[PDB]
Every structure is written in C-alpha cells, then in structure tokens.
Amino acid sequence: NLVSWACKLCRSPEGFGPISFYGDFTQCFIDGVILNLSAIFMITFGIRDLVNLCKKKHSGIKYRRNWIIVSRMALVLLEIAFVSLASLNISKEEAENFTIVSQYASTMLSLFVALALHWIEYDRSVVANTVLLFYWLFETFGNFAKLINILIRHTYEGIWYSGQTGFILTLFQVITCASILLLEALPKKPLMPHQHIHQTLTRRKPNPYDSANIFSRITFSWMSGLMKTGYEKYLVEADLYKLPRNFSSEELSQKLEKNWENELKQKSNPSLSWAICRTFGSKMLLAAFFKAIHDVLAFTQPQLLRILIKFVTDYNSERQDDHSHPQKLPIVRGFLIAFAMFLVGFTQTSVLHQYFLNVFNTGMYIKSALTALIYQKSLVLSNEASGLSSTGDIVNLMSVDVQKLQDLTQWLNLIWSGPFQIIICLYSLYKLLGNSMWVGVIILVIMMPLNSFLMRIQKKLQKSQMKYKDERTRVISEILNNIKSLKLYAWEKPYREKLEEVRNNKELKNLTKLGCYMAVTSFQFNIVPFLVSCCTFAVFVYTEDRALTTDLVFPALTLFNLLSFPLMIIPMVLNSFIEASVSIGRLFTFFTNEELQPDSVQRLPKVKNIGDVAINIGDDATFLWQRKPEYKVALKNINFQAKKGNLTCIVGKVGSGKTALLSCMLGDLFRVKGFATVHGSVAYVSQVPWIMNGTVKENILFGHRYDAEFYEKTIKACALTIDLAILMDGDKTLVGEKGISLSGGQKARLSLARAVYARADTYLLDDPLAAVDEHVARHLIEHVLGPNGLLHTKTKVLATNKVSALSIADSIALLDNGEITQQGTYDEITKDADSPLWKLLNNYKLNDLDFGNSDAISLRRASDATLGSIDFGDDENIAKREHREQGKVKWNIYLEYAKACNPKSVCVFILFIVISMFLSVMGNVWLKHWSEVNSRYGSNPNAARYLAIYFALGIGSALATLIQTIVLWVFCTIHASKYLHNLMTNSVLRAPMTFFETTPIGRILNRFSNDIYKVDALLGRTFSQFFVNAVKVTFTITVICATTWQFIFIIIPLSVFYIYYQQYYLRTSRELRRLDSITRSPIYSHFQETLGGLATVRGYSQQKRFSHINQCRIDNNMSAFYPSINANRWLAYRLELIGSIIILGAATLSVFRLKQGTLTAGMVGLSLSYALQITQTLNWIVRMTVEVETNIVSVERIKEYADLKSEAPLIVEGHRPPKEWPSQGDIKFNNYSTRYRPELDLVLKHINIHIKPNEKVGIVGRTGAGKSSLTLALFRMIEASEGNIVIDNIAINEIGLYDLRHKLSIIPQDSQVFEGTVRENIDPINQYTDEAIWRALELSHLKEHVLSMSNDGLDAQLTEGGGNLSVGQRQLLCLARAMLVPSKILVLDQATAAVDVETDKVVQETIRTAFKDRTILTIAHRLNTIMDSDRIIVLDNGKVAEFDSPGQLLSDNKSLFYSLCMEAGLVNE
C-alpha cells in the first residue's frame, strides 16, 4: 500500500529510487530528500540558533559592517530571487509532481530563516555558525547534483529535463550557493577599534581552537599557524597557546570530586571507574558513534571496487558484442562510481579524526583530573596511612597508573569495534565467496596463539636486554668514577677487556636472539595475510562450480586485510584492559585511604595579651597514633597550657612523647576525649629538616612577600651570614636534589630561618638545636629563641633536652609514658633535687599510541605498542637551541652510520626489500592473469598450475622478507653497534684528565648507557619500517602509472604537497615532543618534594598554595601536550586527503582508458586494489622519518665522543725503556713548569731540583702552592709547558705513557675501590701471585678482615664504591696495591687526608718496612708526619722556595718552613 503513496507524490519516470540508470541521484530523490531535508534542517536548527542568540547581549563584542556582511546578505537575497524565478519556470506537467513544488517552497522558507540568521549571527557570534555552514554545504551539493543530473539527461537524451531556463537558473544557484559558502567559511570578522583599545593581552595568546568554525575544526586547519611558526624557529614554552576553555585541571578535578563524593555517599559499594565514566563518558559515546560510521565507510570501499570491475566487464562485453531495445551502458556511471570512491575516502578521513579528537580529549581530561585529585588527597591523607607506603610508590601511582587510565581510552572503543568490523567483514565475504571464507577465518584463528607466543618470547628477551644493559651501565659507572686511579695505575686495559667481555658475550648475544625472533615475527606478519587469500581461493576453486572471476578475486583481497587486522589486535586490547583494571584497583585503594580527623584541634584567631593562653589542651585529652589495627594511645590525659611570650618547653626521652605533643598541636593525631585549641597562625620546625629544590632565598621566603629589611635581619639573627657569604651565588645558590648538599646544621638553620621569617603567631619547635654547634646554638638562643630575641612576643613551644636552652624557659613540662607527669617553672623543679625532672635532666620514556585498526600499518603500530620497549628522554637539549633553527639536516651523520654498518650489507638489505615487494606485486599480477583466464573460460581450467605459481610467488615474497630482516639484524645493526661502542670506549678511556674534570660523569654515563641502547635496539627498526614502506609506495605508484601513464601528472604535484607537509610536521612535531617531554617531569618531582614535607606544608597551612602550584604545572604540561597530539591529526588529515585524491585520479584515468577501448577488468582490479591501500602507508612514512630523525642524534653523540683528542701515545716504539728502569729512583726536574689547562696560569714555575736515590722527601706549602701538581707532573697527567723531567738518566717526555705509569708506584690522594673481588681490586691483570697478595694484605693489616669477610678470602666481593669497607680499609687497600708494584719510586699523596691516625701509623710502618728501599715523595698535608724525612721541598706560589734538610730549615727562624711550623703550632720554641 504505502509505496503507492510515494508513487503518487513522484510523477517522473525515473521514480523516487535513490540511484538512477546513469549512476547519479534521480531528480525525485534530489528534490524529495537532499534539498528537502536540508531545508528542514535549516528550519529547525537555524530557528533554534535564532532563539538562542537573541538572548545574548548585543554589545559583548563589536564588529564593523564591512563588505563581508553586505555581500552575504545581498547574495542570499539573490539566491531567494533565483529560487522564486525558477519556481515560476515550472510547467504544467512539472507542477503535477509534488516533490518539485514542495522542495522549492521549503527551500524558500529555509532561505528566509538563513537570511535572518546571517544578520543575527554576525553581531552575536565570534565564529561562523555551524548550522549555516552545513546548510550551505548541503544546498551547494544538492544543486550541483541537480546540475549534473540535467547535464547527463541532456547529453544522453537530447532534452533539457526541466527546460533550458531551469538549467541556467540551477547553474546560477550552484554559483551563488558556493559563493555564500565560501564567504561564510573563509573571511574573518573585522573587530571595531574599541576592542583593540580595550585589549591588554601580553601573556600566551588564546587558543585558536576556540575561534575555529566547524570546517576548520574538521580539517584541523587551526594548527597550520603553529606548524608554520614551529617550522620557522625553535619553539619555546612562550610560543605555545593557552589551553581551551574546559581543559583547566581545577574545573575537571572539581567535577570528578563531586561525582566521586556522590558515589561515596550514595552507594555502599563505591567505584572510581563508574565515577570516571559518569563524568567524562559522553565524549566516548560520541567517539563510538564516529567509529561506527568509520567502520561502515571503510567496508563500503570493496563494494565500490566490485561494482566498478563489474561495470568495466559489462561495458567491454557490450562493446565487443556490437563490434561483432535495451539501453546501451553509459560511461558516466564509471565516473560517478569513481567520485563515489573519492567521497567515501574523504568522509572516512573526516569522521576518523573526530573520533581520535574525542578519545584523546577524554584521556587528557582523565589525566588532569586524577593527577589533581591524587595531589589534593595526599595533603589530607593521615600521617600513618602515608607511612604505610613509600613516597616512590605513590609517585608511581601518579606516574604509571594515571598514564594507564589515559591510554585505556584509545583501546576502549575497540572492544566493540573489533567484533563489529569482523562481523561486517565475514558477512561481506560470505556474500562474495560463500562457504570458502571459513578456511581463511580458521587460518587467522590458528595463527593468533602462535603470535601471542612469539610476543611472549620477545617480552622475555627485552627484559633480559634491560638486565644486561643495567649490568654494563654499572661497569661503566665503576670505570668512570675511578678514572684517575685507572690512569695512574695504567689499569685501563684489563677493565676495558672486562667491559668488552660483558658487552660482547652477553648483550650482543641476547640482541642477536632478539633480532632473530623479530625476523620470525616479520615473516609471520608477512606470510599470514597471503595464506588466508591463497587457501580461500584453493577451497573455492576445487569445490565451487563458479568461475573464480576478477570481481570475486580483488575485493576479496581487499576484505581479507579488514578481516585480519582487527582479529590480530584483540589480545592487545584485553591486555590493556587488565592493566587498567589493576591501575583502578590501586587508585581506588588510595582514594579510600584514611584521612586526618578534621576537628582534632580547634583553630581560632590569635591572642593579643601577654601571659594569656594560646595553646590549651584540656578536659584531660587523649590522642591516638593509629586507629588500625587497634586504638594505639599516643598521649593519655594531657593537660597543658602555653601562653603568649612564655617559652614553654617539653622534656622527655626518645619515644617518651616528644613528637606526639607537637603533632597534637599540628592536628595530626586523632582525639578521643577532651578538647584542644590553638590560637593564631602556626609555624612548625620539623625534627628532620625539609629543604625544597631551589634557592636558599626561596627556601627562606616560602611563599611570603620579600621584605629586604626583615630578610637581612633574619639572616643575621639565625647566623646564616657566614655561610651565605661563602656560598656560590650567596642566597641564590641552589639546594636539594639540584645543587649543593648542605650539612645537617645548615639545613636546621635554614628551616629555623624559614620559621622566623614566616612571622607566625605561634611556634612549635621540634628540637632544632640538636644538629647545631654549641656556640651557634648559644647564638640562636640569644638572637631568636630567647626572651630578648625576635620571637619574644610570639608563643614558643620547644621540645628539647638541651639544659642550656631549657634554662631560659618560662614553663617546663616533663612528658613521659605519654603523660605530662610534671610541669612547672624551672625554679619549681630546681628546689627539689629528688624530683624526677631534676634527676632526668641534670644527671641524665614515551608511547606514541595513535592506532586505528584495519590496516597493516596499524597492526605493526599495535604490536609494537604491546611489546612497548622503551625510548628514554633527552637531556641538555636547551644548549643547542642557541643555533635557533637553521634546519639543515646533517647528512654526514647518516653516511657515517651507513659506514658503521657494512655498506654492502646495507645494499643487500635494501635489495631484498625491493625483491620482496617485487614478488608481492608479481603475485598480484599473476592473480589478475589467472582470474582473466577463468573469466574467459567460464570455469577454472588447470587450477593446480595457476594456484601453485601464485603460492610460489607468495612464499618467495615471504622468504625475501625473512632474509631481509635476518641480514638487517645479524649483519648491519649489530656490527654497527659493536663498532660504535668499541670506538667510543677506546676514545673515552684515552682522553686526557681535563675532559673528565670538565665534563660531568652524568653526561658520559648517559652517552654510554642510553645512546648506545638507542643505537642497539631502536634505530635499525626505524630504518627498516621507513625503507619497506617507501619501497611499497614506490611500487604502488609504479603499478598505477603502468595502468595509466597519465597518472604521472597528478603524482608530481601530490608529491610536492607531500614533501611540504612532511617537512612542516617533522620540524614542528620534533619541537613539540621536546616541549612535552621537558614539561612532563616537574609534576612528579614536585609531588616527591611535597611528600617529603607534608607535616611542614600542613604546619604552615600552605596547602592551597601547593595545590595551586601542582594544578598550574599540570596545566602547563597539558598546554604542551595538546598541540603535540593535534599535530598528528593535522598531518594525517592532509595525507589521507592525498590518498583519496590518488584513488580518484587512478579510477578516473582508468575510466578514461575504458572510453578509448583498451581497458580490461583486471587492470582496474589491480590498480585500484593497490590505490586503496596507500592512505596509511603515506603517513607512516612521514612518522618514520620523524622517528629516524629523533633517534640518529644518538649516533651524532657517539661520534662526538669518538672524536676526542687523546693523550700522548701509550707506547713509543723508538724509546721503550728497559724492564729494570727506574732501578734507583733518581729524579731531576730541569726548568720544569706546567699549567693544569690552557685556560689557567702556570701552577708550577721554574722547578729545578735533584732528588737523590733512596732518599725520602717531603713537600710542603700554603694553600695554592701547587703541591698536588707533582702527583700529576711525574705521571704526565699534565704535559710540560717548559723544561723536562729526567728519571734514572731517561727523559720522561720521550717515553710512552704506559711505559711511564706502569713503572711508578703511587698511594693516591683519593682512595678508590672497584666493584669486584678483593683480588680484582689488588691485581686486575692477575700478574702477581696469591701469596704476594696475602703478604701485602698482611703488612697493610687487612688480611684478618679479608678472611673474616667470607670463605672466599681473596675472592670476597666488594660492593660498589667500597660500601662494605671502611675508609681506613680502603686506604690500606691502596697501600697494598702500591706495595705489590716493584718500582723503585713511590709517591705518597696526602694533600687532603684527615680521616684517621690509627691507619696513619700503619702507613708509616709500611713506609719504613716495606718501602724501605724506595725513593719516597710525600705530598704532605699533616705537617707533623714529616719530621723523619731527609730533605723538604717548600713550595710557595709554584716555585721551590727552599730545598733543604728539616734541621737546617728550622735553624733559620725567618725561613718559610719555620713560619709554617709556627702557624701550625708545631714549633713555637
């Protein structure tokens, strides 16, 4: 019945059906659906906006009425005129059709609504309105479809289907609608001059996303200005924009806090997950809608491919039949199918990136909200509940688990969109191939567990690699820290060999195994998609009686990809869900954790009167440390009053209640009974000082206003004047994890100075004086604490056992057993000696997750994501910024890396990439030929032959891929890694000592561990994924151009645009990733800092300030992360647009070949099968260029360290001295003078001295006299500026450094021990016997201790830095090392040693017994040790002032040595 009503409405022969015989929409469908629904859309939503805009004030923003609005209104009036005039053109027969008249009427009404809406929108909107933009888009599209329809019917039937005047008016309506669309979208409104006078913007500019109309938001055009800016210069945090309106972490945290509190109150089973879903879940629903549309559009494409191959076949059949009534097929159908393919691609892109936009926004919301809520929770979290877990664990709760809940949102929609795509695909393939599809399904089902098994093995080998990398890093740190000892002892060779052993025979072995398993997975992912199709066709051809023709063949090839790649991602989704589940469990355990009692102590306004109670604990109060597992009473029946000005002291033993009575007044303790009141502001001084990372000045000010007068007075009172005079920048010196490490007393005085400067009304001093020196303690008691001091008007409570501090107290209470047993003034206790207080006092990395499934690029991306790996951060990227974006790529680095690899191996690897892709393409060409033969015969002749050849080509491609990956890993990457590490080691170990002094050890350890790992595990993979996809795109374009040579003229400008976008994305995304990485870290560091000082922050009540700082840092990280994400969308939209244009060009040129009569179905099948797959490869090439550009900086750094200028040669062939030398120990300096560095003055000046054989010499001088430089001059750690040295008649400048240093013994200034066995630390070369080592240990008095360490004896392990050995034991170990060396010369450095005397006398014993025959030079600091010597070198300002016997020197009263002994207090008379 009902359809007859539609057949009464429409009265045209083509009917109300959607697609006509010619392939375009019928005129009945255009009038009845497209233009009518567009008009109804306008009539509803435009009037909705017309209502919603007129409620807003007209003077919010003033725009001047220039040509823009006049043009819009005038052209809308013109459009109304044309619609009316065309409505007059309707003939008698045309008027019978309901659709035409209804369409014109509804369009007229919608045009009036749009005419009003333009005028209202111009004044009362800052962006071009979305309703108008979409309405004019649909109106242009509908009128253009009508114009195309009319042109087609005129061409094929010779009639203007609605009159010539109808045609020309439709043309003018197309033009006018397009012009109004562009005038709505592109122009930017002109502000009135009043607004610019009002403007005062000087901070970061507002975000352009808020000013972007819907076409700009879909295409992400708002990013282009930032991409251009970041391509012209290096980006800095001031160049970024503000966050959009709703991204502030305060607002999000408040929303989620409201929902979480409602969850806690409403339900007896609260859950954090449902609170998060209830808060932020709307955008995930919208994203789900978009993902569904994307899936449907993605599966539409093989249908269009099948229809176009069918059209080509039927067209060629009809033309051959004529060559050898129903309507002969029109060629317009092919062009319209091609344009349909283009439209499907474009819409798919535009929808997919709005899906990504929504999921990434939701992830950012979750991260900001949860980070803010964790921080806000930790401040109120009770002291003991905080004590339950380490600060590192809670910082990992913020750092890891919130990252996992962020990452979940990407994977979230795939739990339904996987099965959705799989069901659509299986239905489509069933409609194509029947029951043959099930073998293709079964192959993927079987291959999934094998793929998970391989992923398991790769996770195993990745963990093993991280273990071995940490081991090598430990060895490198050992070598670098003790580099001076290595150079002086000449031990660099055995330790280099040990390092090489560890590097080669464990790490590179594991890397070879990991490379082979990555080759196996590469072969798996290559062969399985082929096997699916091959076995499906095998089952089809042998069982179905249908001919395996082209339209069945190539759409099936397209569909098997869309089947495989969702199936092979679902396990990774489930894995992510499990990780997010445990993360939610940890977070929920943290948020439900117990908080402080909020009404423990009543804060009140301050007290003004002196002697009036400011702190009162009354009604016999009782306080608890804990309420779990039991009610542990801290303090029982306390009664305590403290009064303004009166210093009131708390006395007790350790754990007898000191900390509890102050933590009470902080409100940390839970209160059972009684009441407690604290008037006024509070200032807490912790028992263990807490220092913020920053300057001394900021540690003092602590958020208060800077007052120079009181600041200087405070520093004077707290006795910080001397220290802050000594410090590098004074009070601007950095302290904490960054900068200097202050002593305990210094930290205590800083905390006390902070408390003083705060000027709070009430002070709670938790024993600051313990760490302070007694005279400085007297200074403090006089200046700050005492009755005459600064705080004499403030209430002060001081828990301490110092009798001196207690003597000035105005009230004293002994607290023991958790009870105030006794309280009074000091006289009241002093009068009774037997009372208790009297006696007891006086007598006692990254993860760039951006995957969307149903592509092979996406299967690679997702499998890499689930393997995860690691890719560590950069450091001191700030220094190179001074160059400020010259932008030229250093291609010499690439060639030097290509030479690290064997270049012929690189050529072979590239060749096998080419051969793999060639065999794939030839397999598809053979499949085309086979399907054409099947089409000719109408059956499957000789199935075995064609199928065997296709199978052989597929396995050829698979084996070529396997050989490629095997060669890449085993031959190129590992060889380059070995060469680079060996080169860098041999360079660094031979560098002069000035390099190690200037360059921090942190940098060198970073180079050795992190950059070497990047060169090992990542760079080869990035190069592989670049080259494979580049060859794949080259061969795709080759195939398409082979089918239609005219395609060259399209791909040239498309490649120009491709290079343009790739350059912009490369530079800007590089810099935005840098900004994100640098801004991410301060959040967790700040959280660490806050967790170390919760009692202080709650003491000063700086909770709100610290929360604001954390929120600002979260927002400052999101401000850099947001463009970093949206740059990917900006790139990917344009590259998928380029792919869509490629599909359009290929299809249209194919249809143009069809017109000339030279086209078979197989050519279209092959060319469009290849064109459809290019979209994701095009962008994956660019993102691999970016990852290659990032990772090769490691090669640049390694080449930097390789190029260091070395020391003098270790062996000089023409000058090698004998084995006996130095046989007697004669030394001569002949006019020797030297400087530490070229940037410094001469340290030793014109030394000329002769040291006789076997004589014992002492060297003395004031600070800066250059004593230490002799230790470096003899061993040639510093070269000569003038003159030379001669040892046993051999000059020292001629000899090689190994021959020199190997035959001089030294007891160095800094005793250093290597992590290893005792025998290794005494004799790494294993040159000396165990008995000699035992005798050396015996004489150095270590033997018994070494035996007591373990049963291994000599082989007993020594930890890193000699942790299990005392400093004296280390010095005796160095003494043993010097003992075993048979050289006749000894240097005994003591320029800074002051540790112990008991080891000193043992050193003297070994000097006079073991070294009895050696020439001994003592670089002496302890002057008292010297007087046994023969001759003394008195250095003064670098020159040898005196060289004479101690007796002769002390004979002269005016001699410098006499003055030294006098000032030292050794020789007064």
# chains A, B, ... in the order shown; residues from 1 in each chain; ligands from 1
>>> residues_around(residues="residue 164 in chain A", least_positions_apart="3", cutoff="12 Å", atoms="only C-alpha atoms", output="PyMOL selection string")
chain A and resi 86+89-90+147+150-151+154+158-161+167-171
>>> select_by_dssp(residues="range 731-915 of chain A", states="alpha helix (DSSP H)", output="ChimeraX atom specification")
/A:744-758,774-780,803-807,826-830,836-838,856-867,891-900,903-915
>>> atom_distance(atom1="CA of residue 37 in chain A", atom2="CA of residue 102 in chain A")
11.3 Å
>>> residues_around(residues="residue 1243 in chain A", least_positions_apart="5", cutoff="9 Å", atoms="only C-alpha atoms", output="VMD selection string")
chain A and resid 1233 to 1236 1264 to 1266 1269 1437 to 1439
>>> residues_around(residues="range 696-702 of chain A", least_positions_apart="5", cutoff="12 Å", atoms="only C-alpha atoms", output="number ranges by chain")
A: 683, 689-691, 707-708, 710-712, 714-715, 718, 720, 723-724, 727-736, 738-742, 746-759, 1096-1097, 1100-1102, 1105-1106
